[PDB]
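First, one chain by itself: the form deposited in one PDB entry, in structure tokens.
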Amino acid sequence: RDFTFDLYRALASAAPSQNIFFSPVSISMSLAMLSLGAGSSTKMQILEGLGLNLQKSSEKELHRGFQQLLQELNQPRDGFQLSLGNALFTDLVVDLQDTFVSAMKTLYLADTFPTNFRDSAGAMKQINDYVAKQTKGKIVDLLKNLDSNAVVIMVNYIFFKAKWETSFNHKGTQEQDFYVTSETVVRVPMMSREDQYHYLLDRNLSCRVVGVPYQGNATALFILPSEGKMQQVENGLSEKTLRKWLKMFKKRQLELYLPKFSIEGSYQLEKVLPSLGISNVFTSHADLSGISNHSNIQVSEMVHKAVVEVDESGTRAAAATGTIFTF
């Protein structure tokens, strides 16, 4: 089980030849928080879906790791911007378990806000405005046509903005053909810069890997499969593969041509996660006794929205995951 890449493949398979874009950490963090109030088989599926084994120590480490990450981000980044946060919007009628609220505040630094879900329009405005603010206007209207039977919405957001360590020169950007397929061509602004880059020719998966650094410790990795090998590369993606690429990188001089682009992803994860074995939490048989003792509580949907902008100066990326609970 490989969470990030099994999820990637599920999304890719659900929408062939389409752009794909999401934040693995936003979703994993959301699932980890969800597990705090899950029980029995419902919790089991979530932990196994995240790639954990049956050891209690692994569960403790899961939360400890995320708590450490959130605390680390409370310190100013060096050279760029990276924000990650959580919030619970709960209706006054809802009675959350003391332990769940405490765990959310302590482990996930979650914000807690009262919400009148009977006022669907008002609830959407409150939550969407919050998400937009936290993502500096990049994630707008996360929630659309809200159920109205909603009682709690758990939100995770992530915002990233960084300048390339070395920018592309605007005078080096020219219109070029982009081959979606050998027969489908689209015109795109193609940026370019000759420089030394971390590079690797992966003969196993058949792709070229290039690392492009951001100011700070973050980096972008661009993967170009050989002709006709995108499916092969997608099938081979894994945590191990990524580790291999990052450690085997070698410095090489390249005249790099990369398109200036902006793409996004909008998903109803409740329809996708069952592919990773996470299904009970979305049913009437969900065991969410840890979040509320109220009967018939389940997750109606888990919406994810992610966007990215890549240009000559750098990259801006953001995402949010809204987990909606109903009675």
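Only residues modelled in both forms are compared. Start at 1 with the first residue shown and count on from there. For clarity, a rigid core is taken as the largest C-alpha set superposing within 1.5 Å between two forms.
We do not show the form deposited in another entry, though everything after this point is about it.
Check your understanding: Can you tell which of 75, 204, 196, 174 moves its Cα by 2 Å or more between this form and the one not shown, with the two forms laid on the rigid core?
Key -> C-alpha shift of at least 2 Å: 75.
Review point. Can a Cα shift of no less than 2 Å be assigned to residue 284 between this form and the one not shown, given superposition on the rigid core?
Key: Residue 284 C-alpha, core-superposed: shift of less than 2 Å.
Practice item. Note whether the distance between the C-alpha atoms of residue 301 and residue 56 decreases (closer) or increases (farther) in the other entry, against the displayed form; the change is 3 Å or more. Key: Farther: residue 301 and residue 56 separate by 3 Å or more in the other entry.
Check your understanding: Knowing the Cα distance between residue 77 and residue 24 changes 3 Å or more in the other entry, does it shrink or grow relative to here?
Key -> The answer is farther, because the C-alphas of residue 77 and residue 24 separate from each other in the other entry by 3 Å or more.
Check your understanding: For residues shared by both forms, which stretches of 3 or more shift their Cα by 2 Å or more between this form and the one not shown, once the core is superposed?
Key -> Runs found: 53-57, 74-79, listed by sequence.
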